Every structure is written in structure tokens, then in C-alpha cells.
Amino acid sequence: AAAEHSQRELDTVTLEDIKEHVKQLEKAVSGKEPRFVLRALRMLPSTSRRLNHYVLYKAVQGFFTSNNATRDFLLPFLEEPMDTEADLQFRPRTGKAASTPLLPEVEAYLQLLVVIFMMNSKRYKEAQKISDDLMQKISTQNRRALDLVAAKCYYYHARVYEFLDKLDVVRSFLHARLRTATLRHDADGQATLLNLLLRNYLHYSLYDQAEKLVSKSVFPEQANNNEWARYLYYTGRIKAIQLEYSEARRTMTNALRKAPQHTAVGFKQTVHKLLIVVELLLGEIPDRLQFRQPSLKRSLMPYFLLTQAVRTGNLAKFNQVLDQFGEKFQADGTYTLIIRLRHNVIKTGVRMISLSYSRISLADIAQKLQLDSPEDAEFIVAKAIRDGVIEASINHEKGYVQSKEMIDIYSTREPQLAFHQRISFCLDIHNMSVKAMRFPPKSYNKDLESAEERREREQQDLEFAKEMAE
Amino acid sequence: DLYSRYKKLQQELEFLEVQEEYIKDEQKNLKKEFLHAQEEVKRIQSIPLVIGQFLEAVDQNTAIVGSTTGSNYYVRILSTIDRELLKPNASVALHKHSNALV
Amino acid sequence: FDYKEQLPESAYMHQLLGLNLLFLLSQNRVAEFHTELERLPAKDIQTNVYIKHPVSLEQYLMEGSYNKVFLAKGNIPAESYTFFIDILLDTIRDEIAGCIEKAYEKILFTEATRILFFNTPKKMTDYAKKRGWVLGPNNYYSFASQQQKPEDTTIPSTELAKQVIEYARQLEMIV
Amino acid sequence: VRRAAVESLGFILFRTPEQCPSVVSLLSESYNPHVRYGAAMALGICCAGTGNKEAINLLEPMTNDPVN
Amino acid sequence: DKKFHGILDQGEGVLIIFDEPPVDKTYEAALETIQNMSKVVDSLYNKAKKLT
Amino acid sequence: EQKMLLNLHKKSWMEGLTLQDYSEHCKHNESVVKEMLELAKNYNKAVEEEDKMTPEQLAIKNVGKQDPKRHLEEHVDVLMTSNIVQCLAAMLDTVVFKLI
Amino acid sequence: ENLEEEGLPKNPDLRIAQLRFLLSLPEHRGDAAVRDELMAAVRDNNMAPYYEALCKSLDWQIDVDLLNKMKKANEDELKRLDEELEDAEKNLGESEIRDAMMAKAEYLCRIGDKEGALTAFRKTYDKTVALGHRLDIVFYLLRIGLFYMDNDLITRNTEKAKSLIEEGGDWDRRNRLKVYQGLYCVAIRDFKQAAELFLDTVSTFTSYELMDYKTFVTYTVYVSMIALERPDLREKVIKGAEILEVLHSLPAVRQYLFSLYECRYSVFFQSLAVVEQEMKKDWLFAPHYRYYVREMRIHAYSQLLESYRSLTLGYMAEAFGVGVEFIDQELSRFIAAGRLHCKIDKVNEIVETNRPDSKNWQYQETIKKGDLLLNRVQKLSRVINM
Amino acid sequence: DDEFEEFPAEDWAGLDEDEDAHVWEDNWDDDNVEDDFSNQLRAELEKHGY
Amino acid sequence: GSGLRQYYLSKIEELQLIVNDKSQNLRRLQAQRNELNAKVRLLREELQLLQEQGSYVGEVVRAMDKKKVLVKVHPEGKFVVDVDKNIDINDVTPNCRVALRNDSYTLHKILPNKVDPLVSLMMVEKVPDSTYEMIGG
């Protein structure tokens, strides 16, 4: 029974941890600062794995201490232990505490624990039922710190339906709760609900709806970093689909910056894929170092080959990469953006042709770009010249392209503009860092002269004046 | 009691705004007074000054110096003294009365 | 797309969706074109002809393959696709000449016949006077218009002074 | 003028004696001895007769001020 | 051998001598300063990750 | 009398728009940047030393030894002021004194 | 004749690392001679942890009898060293204690027990009184780092060795540290610093535990032709007495150097192919054999275009002994990369050289490196806020 | 922390045998797929009949 | 059965959020102001502090009963001085460097200890440091 002994030994400490978290929530209510709730949810993912049927049962039947309809709701949905030898009655509430109903903060937290275990137990329908009851509970209430808990509930409330694969009945609830949070100035709940709505819209390729939603809604500035990352990723995906590549790239870079530094590997992989695709679409080049990471190497290998093909500026290589990894790109939800990369491949090839050749025959250009005919190369090069891709001219009668003589870059305003952007960013960094310096509320003006020691000087100086002058 | 609480909260908000405006003004003028105090502390360096030798830095603001009168003193250092110049065996100018490193 | 769970897959659905995509291309609402294209599954985009034709036309238009854009009229997936094609074509010519002015410094009169996809030489004259192209005595259209450079002759001293003043603000106004 | 300006706060805030030990508390530790005197006098005028514990706690260290 | 700055046009058989400008010491010093300050940022990285 | 005394050290309007010599300005910029090179090289060592240094030596060990951070700040401030002022003055002069 | 006896102790034997790298290569995995030499070294030194690592990484069949015999020998020797240390700590003095720990650490390093060797070397360093003995321990750590290409170990021990050499004015140890640092800079593609250090120690080389003097001179030439300007290459390498004396016994390396210097570009290209095949098999130059060669090619092209206003494509192809199409592709690739200051008129097949100002090339690097430092600053602030 | 278990973490399946473990100024040109310069020079030496 | 009770609650919470934000910002601003004001006050008191006479530097011969110490002022021979209430008599070891007040000569600080006489002697003797590694044969 070594396994039983060990399992019970972790079950008791997990029960103690849940007790510590419920005490943190209750003292957050008592002290009226909702931020104490965060450290309860800070350990939430760790506890989500550190619980089982016995832990849930012990917690729900010693934690309520009142057999209301709640205990008639979640007890039947979980298994019960036998007459265990160590019948340690886990009753944190005694006397008036047991009689008094639980705070709305903590019943929701235990119900979240039950929902999480149901998800880990694949009881998606039962999890949906429990989450529906929980949503009624937290929609009825109007507390302030509960919102900090409430957002998390919503993230799981949608998550259970993610395994139900409906995501449509949840849209109305998400919109209603988003409105009720926005009207209440609930920053955390509004951010979580906006992220959930964006994810729901993108699950069905409703990019127009998500674009409208992000156009009219205002994301909370004082939101969590883990919610800022999701919002930036979703907005970047919207911008990428809507051909707004520059803002898409900026948002994806910001999301990668705000991603967790050690965890959330899959989020990193998805954002890296989309960022690589957008950067190739923008005409820039993806950073090589991101392909060197141990976690990202296998995921980005098809994207590494795609980046290689695009950098070579060869139509045939890009088409080979497409015909080789089209199914993988489709499974990753980036095939539509990959298709647009043909124009960028042609643009890059034309750019290197102009950068390398002073005068180059149109047939040679078509051969180097693996196009069909030099007649098509004529139109392609003309479009590139008109768009400003390359500074050149075409001699139709002669049949070649003459690239313009390179102008002295440092004698123009472009270095000034680049330096301007970098200087403004550096000054912004300095101002942000200065504004982030916090002085602890020390007892100021106590490092000054002390009263007794200052009086010492007055008396000694009085003696000095009374004795030296006489 | 709802209206009383709401009106009290409104008055508290307006009072907080007044307090923040006053604090910003006081910072603006306190910078000027800091500059004035820095300027006026330089009267301790008025001549005549004795010449000593910086022997050791006991702490941030006090030091042992050997005056040319022949006596070693544990005195204070003027806060506006560049501590990068307080090398060993460095000649310093001390207040003629208090021997303070000025 | 909404009631497709109970509704069966319409035979004409893909054709009409491709018609919508081609119409979006005709009105230069390419941003809406890609958003509506993303609504389709990724398979029929590269497989179904009714969807393959408009997306390929968009690729040709963006990359500059205007000859393929004109050839797209011949191989349309359906007769209903015809009308929107003409709506696109009127743009293409005015786009093609836009390249010719900025790329070709001088082109022969007949040389543009395949470039501008004009059947009758008379159709050149009216389009040229609409475009205001100065025909040359040697049947050469002189497109000397690059003299209107980015105008580096002028220093944007006002903008530069504003930027430097903003630097001074960010260095001093912080307090 | 500064001392009188700080003094005048008591005549304005005496109807709400609890506010004076908050607006003036920081003035009571300022560099200017006249402003400190005005802070003390504002506490006296506004919280007169009330026996405010906060104002008395503010005044208690001020009785050991270096300035007479 | 960089003994003088110029090129040789074989087609016309003419030596073209160029009045090259000296390298900008300011840019060289700025580049090495950037490198050293990157090292400083690495030291700050170690200090930050170790103490937080 | 206060307004009359305010004219003390009041710089003339001519030197407000006067541009510093560009040869000397470039030489000063190069010299100060070359100084910050060594200052940053020492700044790295200063950071590493202060990593392992007891709190009693935070100021005592700074006595008699130059502080790379302070000199770096001073050089940065000097170069920012000089270059920004020169650029702004040149940009103003390009508008004010124009031939057209 | 006493050359190799001058060098530092050969622990770890870097030849073992080279042979392991050779076996890692797909081309030479099945080479019977390389496997035989590596197994002979393992058997002679009784490298049980290294045998385990070899059979795990390379998927070999572990000889149970050989492994058991080598493990028994290792256990008996470790027991003997532990007994010696126990006797030293009770009867003999601190010097004998340090000698016993040095023997234990040397044995742990010799058998490939990397982590145990590092722990024992740290313990020995903690109570080693002699500065030179401490610096020898630091060199042992540097050799261990080079054996496994441990960048952190190499950097930390290089800084420590620099400090120790500064404390005690040991110029011999300074030259050895220069050789080790040049080897590391070769390993990390820092050919400028590697060339500088190798040229500084070309006349003071005594690190025979790292490489043979001929191999050291070949490496010095290889890094010099890629990191040195033409006047510097002439003064230091072309006219270097020691380098020329060594090259008298290395006709291939002398041909490779002088073909570039004397502008025999076809001979230089053939020697570059030979050199490339040499770099591919060297564990130090393997990651950079693609880079180095490419750079050399650029150098050759640049040299041929440095003195001429314009050159026909046929002339370039004839000079390099290659086709016109090859020259076209190579020149286009290198111009697109911004490494060659010329443009190709393919209509007339004429390469016309350019003279871009150093200001542009400084500004581009300023943008690049400032962006790198700015990214570091941004990510550091990101770490700081949370 | 609120780790992103919502997004499907694609399996690593990577090589933990120190695949690269290097610190250079690495650039994309080293990753260009091509045969070695020795092979190219060998294949073009005989293209001229030599 | 509530009227504008929900309206009152909405207004109250809307004001409460702004009140909390402004209170936190005011606390930060007050911390900044208090720091700068403390700097100003310390600067003004430093002018008066620097005019206070400096302390003599003496060497401790031996501690005695009743918190007395026998010191040797640098040029001025020996004194029997009191000990400040903030200085422990057990920390006043012989041959220690101490600071004595200007008038009372009261021992009010234990300065960092001087150079050890053995260290001073061996500095002038200056034998070359050596180890077994630099001895041959």
C-alpha cells in the first residue's frame, strides 16, 4: 500500500494548499484589496494538477460546511472515498464560521477546481453543467474582487466548450459578460472576455467580426501580461489576414515579448510561425536565431525551409516548398498567408537582380526568377519599378533593364529618420524605467539632526560663548 | 445613506486632485530651493582655509585628515566634494575653525 | 455558412462564392477579398476551380502578371464570372500604363499594343489623349516625368526642428 | 505670506477637522520653518477643541523642532 | 598594397587617382562603445536574473 | 531694479542663433565618444565588482576611484545638449536665412 | 627535440575529441582506422565514462568484458587515490594533500568523467597555495572546456587565467593562454582575434598538448588570410621568418597562401577547395568551413576587382579557371549580399567596380548592432517589470 | 503563472544532444543549400575539358 | 424593491476606482516630494554641522574602570577620557584608533584600526613572497 500512503501524503498537503488559497481569498475580501486574489490564482495551474477525486471530495464536503443546493450539485458529480483509516475531518470552518454561508469569492474558486478536474477527467458534459451553474452564480453577484476570479472562470467556461467543439452558444454569453464587465470598469474580466471572444471568432475564421470587435472595443491598458499576449497575438492575426502587415508584425513581436519566459511553449511556437510568415510577407527577413531553439526547431523546420526559399527569391524553390508542406501549413492555419508569399518571392528576386546587375536582359531576369516568359517579366519589372521596389528603367526596344545608379544613402534624410525612431525609442525606455522607480514609504526627515543631540550642541556652544569671551 | 456616501466620495476625489496639484507645485519649488541650498552651502569654503592631507575615508561623509598644523582630525566631508578626488595622500582644504574637509 | 449543419452542400455555392471573390477583386476591395476568402476551407481554395480562379487572379494582379490577368478571361470557371472580369479589365489597362510611365522612359507607339492589350490602333489615340501622353514624331511616347524626384533639394527643416524639440522635451519635460 | 497661507487653511477646514491633518501633514515637515509654523497653527485653528488625535500626533514631533 | 588610392582603366589605359576621405573615428568609437555597452547590459542581465 | 539686474549674463540675440564651428564640434563629439568607450569598458567591470561587494563598501570603495557611471552620465548629458542645440540652431537658420 | 615534453599535460587528449568528431561525421563513421585509434586511446586510459558516452551517442555495441575490466581498473585506481588522500590529510602536509587531489582530478579528467573532474579541480583549486599551480588547474579546466566545447567553462576559465597571469607576471603562461584563446576564437568564428593571437604566439608556441606546431602554423595561416589586410598579411605572414620556415615543410599551405598573395587565382581556387576539404574534417573549423571558404572566395573576387575600374566576365572566369556562368552567379550572390562593391552589366558582361564611402558601411553596422543592443535592453526591461 | 495551455503545444521531438549550442553572429548565407565548393570547382574544371 | 439604488452603486463604484487610482498616484508623488524635501533639509543642516569642531584622533592605551580610556592624542600626549553612552567599553581594545570630541575629548567613535605594527615592520623589511613552485633543485 505504498502507493496509497504516498497518494494520501500528497492529498493532505494539497488540501492544506487549498486551505491557504481560500484564506488568501477571504483575507482579500476582508482587507478590501482584490490583488490578494491574484496569489490564489498565481498557484492555480500548479494546484490544477495537484488534485484528484479524493482531494475534491474532502475539499467540497469540509469546505462548504453547509449542505445547500451547491453540495447537492457537485458532490454527485465526483467519486467518494471509502471508510479510510485516517478519517481526518477537514473542517476549516468552526462555530459561527461553519454556520455562516461561504463568501461568493471562494465557492466560485472551489467550483473552478471541480470544473478543472472534470476537464482533466474528460467529463466535458458534466463540466459544462457545473460551469453553467457557476456562471449563474457569478452573474448574479456584483462583487468587486470576484471579477478577478470571474475572468478565470470565463477562461475555463469557454475552455470546457472548446472540448465540446460548439463555441457558438458561448458567443452570446461572452458578449453579454463583456458588456457587463465594460459597464463595470472590470479591467481583468473585460480583457479575458475580449481575448475569449477573439479566439471564438478566429476558431470559425470570422476575421471580419473580430476586426470589427477590436475596432470598437478598447482593451484594458492595466491588463495582465498573459492576457496582453493573447490580445496582441489575435490582433496581429487579424492584421495579417487584413493585409495590415506592419502593425501585425509589431503586435506579434510585442506578444512574443510579453509571453512567459519559461512556459507557454505552444503559444511561442504559434506566434513564431505567424511572425515568420508576416515578416516574409512584409519583405523583411526572419531572425535566424529563432530557428535554433530546441523547442522551436522541429515546429519551424517547414517554416525554415519556406524562409530559405523566399530569401533565395526563386519561384521554383518556393513552389517546391509549397507542394511539400501545404498540408502542414493548412493544419497550422497559415496556408492562406503562405500563398501570398509568391509576390514577395518575386519582389525579393527583382530586388537582388537590381542590386547586382547594372544592365540585365529581360530573358535573363525571367530565367533567374524562373518565370514563364520574358514578356511576363516585362510587366513584373514594370510593376516593381512603379511601386518603388527597385529604382530602374526598361528599354523595351533593346529588351533589358538598366538599374539606376545607387545614391549616397548617408547624404539623405533616411539615416536621420532611422536614428530618429531609435532615439525616440531609447528616450521612451529611459522615461518608462524612471517612472517605474518606487520609493518605499520610509519615515523621512529622521536622518536629520536628532533633538537630543542637537540640544547637546546648543548647550556646549552656550558654554563656549560664556567661557571663551570671558 | 447612499447619497451621503456618493457625495463624500466626490468631495474626496476633488480633495485628492487638490492635494496632487499642491504636491506637484511643491516639488517644482523644492527643486529651486535645493539649488539655492547647494549654492549657499559653499560659504563653508570661504578663505582662509587650512591645508590638510586626506588620510582615510571612515565612511561616506566623515574622514580622517592630517592637518598641516601637525594634528590628525576625524572631521566631516562637505557633501558637494567630489569623492573621486579623495585619493590617498591628497592635499585638501579644511575649514580653519572646524577642520572639516571643505 | 450559418445553417450549413442542417442545409446540404449547395452545388452552386462554390461558384457563387468565387463570383463574390471576383467581384471584390473588381472593386479593388482586396482587404475584404482576403477576409472572405479565409471563410472557405483551405482545401477548396487550391482545389475547387471556382475558388482557384479568383485567388490566382489576385496573385497575378498583385505580382504584376497583367498578361495572365488578361488571359484569365478565356479560362473563366463559369459564364457568370464574365461580367466582373470586364470590371477588372478597365482597371488593368489604367494600371498598366501607370507602370509604363514610371518604368519605360520611352516606348514605341505600336510596342504598347500588346502591353496595353489594345486591339485597334485607333483605341490608342483616345486612351492616350485621356492619359495626356505626348506622342513623339518617331512614334515614341516620351514619359520624361521622373524629374519630379522626392525633392531632396529642400531640407525639411521644420520637421527636423520639431523632432529635435521633441527630443529636448523628452529630456527636460520629464520632471 | 507662506506662513499666513498655511495658517488660513484652518479657517477653511475647521468644519471638517479630519481633513487638516492630511493636507497640512506634509507641510509640517517642509524645509521652511515659517511653513512649519503655519502648519502647526493650521492644526491648532482647524482642530481647536476637537482633541484630534491625528493632529496631536503631528504636533508632538513639532515640539522638538530646531527652530524656536 | 594600398600605397595609394586609385583604379586602373585598362580599356582606356588610364590611372584614376581618388581623394579618399579618412575613416570616421566617431563611428568607430561609437561601434566599440555599443559593443562594450552590450557587455554592460549582459552584466545587468546576470545581476537582474540572479537577484530577482 | 529686479528687471534691470536680470540683464546680467543675458546673452545677446546674435549668439542665440550663432552656430558653433563644425570642425571643433566634430572633434569634441569624437573625443567624448572615445572617452565613453573607455568609460563603458570600465562600467562593465564596475557592475561586476558591485555585484560581489559588501554594503559597507558601496561608498567607501568609491572614494578616490572614478565612477564610470557618473562620468558616463555626464558625457551623455554634454553630448545630448551640444548636438541637439547645434542641430536645432542649424535647422532654424536654414529657414530664417534663406535666399528665396 | 624536447618540444613535446615542454607542453602542458595532455589531459584531456584533444585528439580524442577530434576522433569523436570524425566518427560523428556521416562520411567517416565507418572508418576502421579512426575507430581503432579511439578505442586504443580509451583502452590505454581506461575511459569508462567516455566509453559509456561513446556507445550511447554513436550507438555502438558495448564490449561487456572490456567495459567491466576498465571499470574495475578505474575503481581500483580511485580507491588508491582516496587512500593516498586519506593518508595525506592525517600524516603529510597541505602540499601532499593538494598533490593527492591533483592526482585524483587528473585521473577523473583522463577517464572522461567530466563533472567529477570539474568538482575535483574546484576542490583542489580551493586549497592550492601556489599561483602557478592554480593557473595550471585553470588551464586544465580550459582544456576540459575545449574538449566538450563548453563555452561557459571556456569563457570563465579564460577570464580567471587572464586575472592570474596579471597577478603573477608569467609570460609563458600568457603565451599558452593566447594559444588557447586563439583556438577558442577559431571555434567561435572569431577569426580576427584568432589571427591576432596566433601571430602573437607564432614564435613562442609551446602548447603541444593542443596541436602540433605544423598544425598551429597551418591554422595561423588559415585565419590570417581571412582576417588580415594585404599589407598586414605581407608583413606578418608572407615575410614572417618562422611561418616561412614551417611552410617549407608544408607545400600545400604555402601554395594556398602565395596563390592569393601573388594573385594566382586559379591556383588559389584549387588550394581553397583542398583547404575546404581540410576544414570539413577539423572539429575546430567544421562549423565554419562553409563560412570561411565563402569569405575567402569573396576576398579573391574583391582583390581581383580592387585595382581595376572594370573587368570583363570572361577575364574573371579565365583568371579563376571557371566558367563565365559560375562567375556570374557567384558575383551576383556576393553583390546582393553587399560584400562586393561592383555591379554586373550582363548585356556586355562587364563588372564595373564601385567605391562606396566608409560612412555607409559604418552606418549600416551602427544600425544593426544598435538594434541588437536595443533588443537586449528591451528584453531586460521586460524581465525587470515582471 | 497563467501558462498558455489553451494553445496546442506541438510536441518538441527535438534533439537534446546539443544540436547547435553556439554563439556567433550567425547569418542566413551559411544555410544556403548547395554542394561544397570543392564539388563545384571539380564539376567546372572538367566543363572546360581540363 | 430598489429604486436608483443600482444607479447610486454604479456612481459610487465609478468614483471609488478613480479615488483609489488618484490616492495611489498621490502617495507616489508624496514620496517623491518627501525625498526631495529631506534632501533640501539635510543640505541646509549640513552647513551648520560642518562648523561643528572636528574630533581628535587618538590611540587607546588601555581601558580602565568607570568607562575611562587612556588615549594618546596624535601630537598632544596622553589623556584619560570618558566614553560616550553609544560606545561599548568592551570594544575599546588597546592600540585602537578612536575619535575624541573637541572639548571634552570624549571617546565617541572607534575608527578603523591602524596598520598592524608587524605588517608595518614587514612592509619596510619587504621580503619577497615565495612558494614551493618557484624553488628549483
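Side chains are part of it too, since the values below use all heavy atoms of this structure and drop only hydrogens, waters and symmetry mates. Lettering of chains follows the sequences in order, A, B, ..., and the numbering in each one begins at 1.
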Visitor: So which of G/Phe198, G/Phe191, G/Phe285 actually passes ring pair (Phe, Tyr, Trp, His ring centres under 6.0 Å) with G/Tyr219?
Guide: G/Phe285
Visitor: Answer yes or no: does atom NZ of G/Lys236 have more than 12 heavy-atom neighbours from other residues, nucleotides or ligands under 6.0 Å?
Guide: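 Open.
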Visitor: Once you round to the nearest 0.5 Å, how far does CD1 of G/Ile226 lie from CE of G/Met296?
Guide: 6.0 Å
Visitor: Given 3.5 Å as the limit, does a donor-acceptor pair link the side chain of G/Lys343 with the main chain of A/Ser354, or not?
Guide: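 Judged by distance alone, yes, a pair lies under 3.5 Å.
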Visitor: Locate the shortest heavy-atom distance separating G/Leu304 from G/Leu311; write the atom from each residue and the value.
Guide: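 The answer is O-CD1, 3.2 Å.
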Visitor: Out of curiosity, H/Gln40 CD to H/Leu45 CG, how far, rounded to the nearest 0.5 Å?
Guide: 13.5 Å
Visitor: Quick one: does G/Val237's side chain get under 4.5 Å of G/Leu199's, heavy atoms only?
Guide: yes
Visitor: Regarding E/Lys2 and G/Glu229, does a basic nitrogen lie under 4.0 Å from an acidic carboxylate oxygen?
Guide: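 No, E/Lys2 and G/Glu229 are not salt-bridged.
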Visitor: Please check: side-chain N/O of G/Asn354 versus main-chain N/O of G/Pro356, any donor-acceptor pairing under 3.5 Å?
Guide: no
Visitor: Extract all donor-acceptor atom pairs below 3.5 Å that involve side chains of residues 4-12 of chain E and protein atoms in other chains or at least two apart in sequence.
Guide:
residue: E/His5; atom: NE2; partner: E/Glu20; partner atom: OE2; Å: 3.0
residue: E/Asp9; atom: OD1; partner: E/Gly11; partner atom: N; Å: 3.2

Visitor: So, the side chain of F/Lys27 versus the backbone of F/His25: is there a donor-acceptor pair under 3.5 Å, distance only?
Guide: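 Such a contact is absent between F/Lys27 side chain and F/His25 backbone.
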Visitor: For G/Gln362 and E/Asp24, work out which heavy atoms get closest and say how close.
Guide: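 Looking at all heavy atoms of both residues, the closest pair is NE2-O, 3.1 Å.
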Visitor: Verify salt bridge (charged side-chain N to carboxylate O under 4.0 Å, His left out) between G/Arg294 and H/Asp30, making sure each step is shown before the conclusion.
Guide: CA-CA 9 Å; G/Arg294 181 182 60 240; H/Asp30 325 304; 2.5 Å; yes
Visitor: May I ask you to decide if the ring planes of H/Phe37 and G/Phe269 are parallel, tilted or perpendicular, using 30° and 60° as cut-offs?
Guide: perpendicular
Visitor: Check whether any side-chain heavy atom of G/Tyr363 lies under 4.5 Å from a side-chain heavy atom of A/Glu414, and answer yes or no.
Guide: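 With C-beta onward as the side chain, the pair touches.
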Visitor: Under 4.0 Å between a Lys/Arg side-chain N and an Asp/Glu carboxylate O for H/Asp20 and A/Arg292?
Guide: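 Answer for the salt bridge query: yes.
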Visitor: Any idea how G/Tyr256 and G/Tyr292 line up, ring-wise: parallel (<30°), tilted (30 to 60°), or perpendicular (>60°)?
Guide: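 Rings of G/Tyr256 and G/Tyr292: tilted, 30 to 60°.
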Visitor: How far apart are the closest heavy atoms of A/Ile409 and G/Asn360, and which atoms are they?
Guide: CB-OD1, 3.2 Å
Visitor: With a cut-off of 6.0 Å (strictly less than), are more than 12 heavy atoms of other residues, nucleotides or ligands near CD1 of C/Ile155?
Guide: no
Visitor: Look at atom CZ of G/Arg309 and say whether more than 12 heavy atoms of other residues, nucleotides or ligands are closer to it than 6.0 Å.
Guide: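 No, CZ of G/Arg309 has 12 or fewer neighbouring heavy atoms, counting only those of other groups under 6.0 Å.
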Visitor: Nearest 0.5 Å, please: how far is CD1 in A/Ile394 from NZ in C/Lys102?
Guide: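 Taking NZ in C/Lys102 and CD1 in A/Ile394, the distance rounds to 13.5 Å.
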Visitor: Side chains of G/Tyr291 and H/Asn27: donor-acceptor distance under 3.5 Å anywhere?
Guide: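 Result is no, nothing qualifies.
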Visitor: Is A/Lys317 atom NZ crowded by more than 12 heavy atoms from other residues, nucleotides or ligands, each under 6.0 Å away?
Guide: no
Visitor: Within a strict 4.5 Å, meaning less than it, do heavy atoms of the G/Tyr289 and G/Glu278 side chains meet?
Guide: no
Visitor: Hey, do the aromatic rings of A/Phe291 and H/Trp28 have their centres closer than 6.0 Å?
Guide: yes
Visitor: Using only heavy-atom distances, determine whether the side chains of E/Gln35 and E/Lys39 contain a donor-acceptor pair under 3.5 Å.
Guide: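 Looking only at side-chain atoms, E/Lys39 and E/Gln35 do form a donor-acceptor pair, the distance falling under 3.5 Å.
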Visitor: Ignoring hydrogens and angles, state whether a donor on the side chain of H/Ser38 or G/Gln277 is under 3.5 Å from an acceptor on the partner side chain.
Guide: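 Yes, side-chain donor-acceptor contact under 3.5 Å.
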Visitor: Taking 4.0 angstrom as the limit, do F/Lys34 and F/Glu30 come out as a salt bridge?
Guide: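 Result for this pair is yes, salt bridge flagged.
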Visitor: Are the charged groups of G/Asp371 and A/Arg422 less than 4.0 angstrom apart, N to O?
Guide: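 Yes, this pair counts.
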Visitor: Taking A/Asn314 for the side chain and A/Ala316 for the main chain, is one N or O donor matched with an acceptor at less than 3.5 Å?
Guide: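 Yes, because the side chain of A/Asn314 sits within donor-acceptor range (under 3.5 Å) of the backbone of A/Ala316.
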Visitor: Report yes or no: do C/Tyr104 and A/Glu378 form a side-chain donor-acceptor pair below 3.5 Å?
Guide: yes
Visitor: State plainly whether the residues G/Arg230 and G/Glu306 are in salt-bridge range, i.e. N to O under 4.0 Å.
Guide: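 Salt bridge: no.
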Visitor: State whether the number of non-hydrogen atoms from other residues, nucleotides or ligands found under 6.0 Å of A/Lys398 atom NZ is greater than 12.
Guide: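 Check fails, neighbour count at 12 or below.
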Visitor: With heavy-atom distances below 4.5 Å as the criterion, would you say the side chains of A/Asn395 and A/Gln402 are in contact?
Guide: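 A/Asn395 vs A/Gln402: side chains apart.
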Visitor: Check the pair G/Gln303, G/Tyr265 against side-chain hydrogen bond (donor to acceptor under 3.5 Å, both in side chains), reporting the backbone distance first and the verdict last.
Guide: CA-CA 10 Å; G/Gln303 185 168 281; G/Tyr265 294 117; 3.2 Å; yes
Visitor: Could you give the distance from CD (C/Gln163) to CZ (A/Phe419), rounded to the nearest 0.5 Å?
Guide: 13.5 Å
Visitor: Output the distance between atom CD1 (A/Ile346) and atom CG (A/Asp376), rounded to the nearest 0.5 Å.
Guide: 9.5 Å
Visitor: Taking H/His22 for its side chain and G/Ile188 for its backbone only, find out whether a donor-acceptor pair lies under 3.5 Å.
Guide: no
Visitor: For residues G/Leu284 and G/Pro287, report the shortest heavy-atom separation together with the two atoms involved.
Guide: O-CD, 3.9 Å
Visitor: I need the minimum non-hydrogen distance between G/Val267 and G/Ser259, along with the two atoms involved.
Guide: CG1-CB, 3.8 Å
Visitor: G/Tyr308 vs G/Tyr315 aromatic rings, parallel, tilted or perpendicular, using cut-offs 30° and 60°?
Guide: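 Answer is perpendicular, since the angle exceeds 60°.
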Visitor: Measuring from atom OG1 of A/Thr348 to atom CG of A/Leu355, what distance do you get when rounded to the nearest 0.5 angstrom?
Guide: 12.0 Å
Visitor: Where do G/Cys185 and G/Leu197 come nearest, in terms of heavy atoms and distance?
Guide: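 Result for this residue pair: SG-CD1, 4.5 Å.
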Visitor: For side-chain contact (heavy atoms from CB on, under 4.5 Å), just list the numbers for C/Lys106 and A/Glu397, CA-CA rounded to whole Å, side-chain angles, deciding distance to a tenth of an Å, and then say yes or no.
Guide: CA-CA 9 Å; C/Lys106 155 197 73 35; A/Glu397 203 274 327; 5.7 Å; no
Visitor: Would you check if the side chain of A/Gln308 reaches a backbone N or O of H/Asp31 as a donor-acceptor pair within less than 3.5 Å?
Guide: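 Judged by distance alone, yes, a pair lies under 3.5 Å.
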Visitor: Could you walk me through whether H/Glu25 and G/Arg189 pass the salt bridge (charged side-chain N to carboxylate O under 4.0 Å, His left out) test, one step at a time?
Guide: CA-CA 9 Å; H/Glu25 57 267 354; G/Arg189 211 176 271 187; 5.8 Å; no
Visitor: Step by step, work out the salt bridge (charged side-chain N to carboxylate O under 4.0 Å, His left out) result for G/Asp328 and A/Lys368.
Guide: CA-CA 11 Å; G/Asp328 162 55; A/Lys368 286 168 181 297; 3.4 Å; yes
Visitor: What do the steps show when you test A/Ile385 against C/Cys99 for side-chain contact (heavy atoms from CB on, under 4.5 Å), and what is the final call?
Guide: CA-CA 7 Å; A/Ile385 296 179; C/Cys99 296; over 6 Å; no
Visitor: Does any non-hydrogen side-chain atom of G/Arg355 lie less than 4.5 Å from one of G/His341?
Guide: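 They are not in side-chain contact.
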Visitor: Output yes when G/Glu295 and G/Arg339 qualify as a salt bridge under the 4.0 Å nitrogen-oxygen rule, no when they do not.
Guide: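 Salt bridge flag = yes for G/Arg339 with G/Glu295.
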Visitor: Heavy-atom count check: over 12 atoms from other residues, nucleotides or ligands less than 6.0 Å from F/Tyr22 OH?
Guide: yes
Visitor: Decide whether A/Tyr357 and A/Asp364 meet the rule of one side-chain donor and one side-chain acceptor closer than 3.5 Å.
Guide: no
Visitor: Tell me whether G/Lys359 at atom NZ has more than 12 heavy atoms from other residues, nucleotides or ligands lying less than 6.0 Å away.
Guide: yes
